[PDB]
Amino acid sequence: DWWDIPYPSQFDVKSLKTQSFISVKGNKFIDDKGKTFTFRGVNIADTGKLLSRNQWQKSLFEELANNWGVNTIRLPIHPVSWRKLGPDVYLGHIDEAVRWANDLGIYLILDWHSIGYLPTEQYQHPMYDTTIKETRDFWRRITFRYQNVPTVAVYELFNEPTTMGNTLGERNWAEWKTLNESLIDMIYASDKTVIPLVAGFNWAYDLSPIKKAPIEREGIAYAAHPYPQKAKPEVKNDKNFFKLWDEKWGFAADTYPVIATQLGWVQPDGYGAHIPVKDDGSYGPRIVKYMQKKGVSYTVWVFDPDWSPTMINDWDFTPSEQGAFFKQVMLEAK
């Protein structure tokens, strides 16, 4: 009976091992000792996808923390999967991820993984289909359930804003800014210790509107998705890419913390190769060098053998080209 449906419960924070909160101070993330923190890690696939092949397990997290040097895992929660499993079930699985991550001393970025234009509720693909109401409700539920949980560090409000050349709507920064501020207000009303992560247009590549009209809230970080072909210099070299990246997203790191929550590549003739993830490999050192210089955090896309570009070729964790590259980088940084 509907009148017997219980009110929701909050995650039991006393079940967790000690773990520092991460907070925003100026243009940096810091831990509870004031030491500069950098999120360095990977995306995994949607929980529902992993469950379907029996790969949603602690052993996945252990492999990453122990053998790949990650301090962060990004969970891309697809709206279609949220609906298919249903909120109560999906949240129960996120609880498992919180416990596994906490046990390993690593952090989670929760990503509402849609692609398109939320103000008009039009999207790149139905797997990303959502509504303002559903998006608000997702964040209402998440914020309430994970109040005062250090393991869950970042709430990435909407993965990839895009109008696909204004076919989905008319991109308008003021309208998108206002909507992010509305989401932030709902979150901050319920938990002020979380870090909202806000994205610009062109699939979370273009942060340039924040130069004139930044989000008017404190404690936030900005996303960037600097895939190799987002910048298109006529001549491909460090100088030309750095200038282009500087103007579109890199500048943000001077004033706000930035997380490159998606990056990576595959050979142009490789598995699942498509624009804008095609590259000969020179991008890897280039993007790492740039991020290092700017102090930018990152989560590689994606630690999965099916979704591309892959970091692994199988569920024995055989590394792909980009996987082998980032594995060495992250292990050195740890």
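The numbering used is simple: start at 1 and walk along the sequence shown. We call the rigid core whatever largest set of C-alpha positions still superposes within 1.5 Å between the two forms.
Comparing 121-129 with 232-240 in 4 other deposited structures of this protein, after superposition on the rigid core, the stretch with the greater RMS C-alpha deviation is 232-240.
For the two regions 304-312 and 65-73, the entry's Cα B-factors average higher over 65-73. Relative to its counterpart among 260-268 and 187-195, 187-195 has the higher mean temperature factor, C-alpha atoms as listed in the PDB entry.
Looking at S52, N43, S297, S282, the one whose CA carries the top B-factor in the deposited record is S52. The PDB entry assigns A97 a C-alpha temperature factor belonging to the middle third of its chain's modelled residues. Among all modelled residues in this chain, the alpha-carbon of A174 has a temperature factor (C-alpha) in the middle third. Annotation for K133: CA B-factor lies in the lowest third of the chain's modelled residues. In this PDB entry, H225 carries a Cα temperature factor that places it within the lowest third of its chain's modelled residues. In the deposited entry, the Cα temperature factor of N148 sits in the top third of values across the chain's modelled residues.
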